[PDB]
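Encoded as structure tokens, the structure appears first; notes follow it.
The chains referred to below are lettered A, B, ... by the order of the sequence lines, with proteins before strands, and numbering in each begins at 1. Keep in mind that the numbers below use all heavy atoms, side chains included, and drop hydrogens, waters and symmetry copies.
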Amino acid sequence: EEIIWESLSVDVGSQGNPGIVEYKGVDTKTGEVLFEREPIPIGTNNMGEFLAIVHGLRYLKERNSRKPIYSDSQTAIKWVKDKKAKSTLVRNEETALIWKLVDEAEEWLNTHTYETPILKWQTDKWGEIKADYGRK
RNA sequence: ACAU
DNA sequence: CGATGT
Ligand SMILES: [K+]
Ligand SMILES: [K+]
Ligand SMILES: [K+]
Ligand SMILES: [Mg+2]
Ligand SMILES: [Mg+2]
């Protein structure tokens with residue numbers, strides 16, 4: 001089982017969980033940063049991992065790329081497959097933004113098609129995903 | 001247990 | 001040590 005180097009890797013970063021959430025996508029081979037989301041003041045790790053995958057799908061579709069996406073998040077991979085982010089985060093004024101983005105990401109999934117493989121990055125074999133924030 |  | 005999730 002080998003790394004598919006012609007791929008996009010994504011990952012969340014946070015200050016607290018729940019806390020300030022951001023995410024980014026990088027070229028797995030080179031580490032080049034292809035997109036970075038502006039920090040969101042309150043979210044969860046899994047909401048961020050979900051948004052990162054969906055952004056990756058939208059990024060690749062816009063560019064007519066068939067590359068797969070790596071994610072280290074078992075949860076977010078499942079949520080994307082299901083087209084449903086099963087977060088426990090309370091909905092209130094301070095979580096409104098992240099929930100708006102999660103709702104809109106789900107909506108995008110429900111109105112678009114893709115063949116992009118969404119693959120588990122095997123951290124136990126390969127070390128940290130290339131999109132990692134180096135904060136742990 | 002597993003993944004974050 | 002704590003949290004988010006299956
Ligand atoms: K990190
Ligand atoms: K990890
Ligand atoms: K647990
Ligand atoms: Mg991750
Ligand atoms: Mg990481």
May I ask you to verify if any side-chain N or O of [X] is less than 4.0 angstrom from the OP1 or OP2 atom of [N]?
X       : N     : value
A/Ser73 : C/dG5 : no
A/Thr44 : C/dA3 : no
A/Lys86 : C/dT6 : yes

_For RNA chain B, which residues of residues 8-41 of chain A approach it to below 4.0 angstrom with any heavy atom?_
none

Answer yes or no: does atom [atom1] of [X] have more than 12 heavy-atom neighbours from other residues, nucleotides or ligands under 6.0 Å?
X       : atom1 : value
A/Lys81 : NZ    : no
A/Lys86 : NZ    : no
A/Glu6  : CD    : no
A/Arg66 : CZ    : no

Could you give the [atom1]-to-[atom2] distance, from [X] to [N], as a whole number of Å?
X       : N     : atom1 : atom2 : result
A/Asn45 : C/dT4 : CG    : P     : 8 Å
A/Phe50 : C/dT4 : CZ    : P     : 18 Å
A/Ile53 : C/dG5 : CD1   : P     : 14 Å

*First and last nucleotide of RNA chain B touching chain A, 5' to 3', heavy-atom cut-off 4.0 Å?*
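Contact span on the strand: B/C2 to B/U4.
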
Would the distance check show the side chain of [X] and the main-chain N or O of [Y] forming a donor-acceptor pair, the cut-off being under 3.5 Å?
X       : Y        : answer
A/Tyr23 : A/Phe35  : no
A/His55 : A/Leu51  : no
A/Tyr70 : A/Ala131 : no

*What is the nucleic acid contact for A/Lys136, judged by heavy atoms within less than 4.0 Å: base, sugar-phosphate only, or nothing?*
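Answer is nothing: A/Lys136 stays at 4.0 Å or more from every strand.
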
*Determine the contact category for A/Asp72: base if any of its heavy atoms lies under 4.0 Å from a base atom, sugar-phosphate if only primed atoms, P, OP1 or OP2 are that close, otherwise nothing.*
sugar-phosphate

*Under the 6.0 Å and 45° cation-pi test, does A/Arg63 pair with A/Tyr59?*
yes

_For A/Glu104, is there an ion pair with A/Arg58 - N to carboxylate O distance below 4.0 angstrom?_
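Here A/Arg58 does not pair with A/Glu104 in a salt bridge, since their nearest N and O are not under 4.0 Å apart.
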
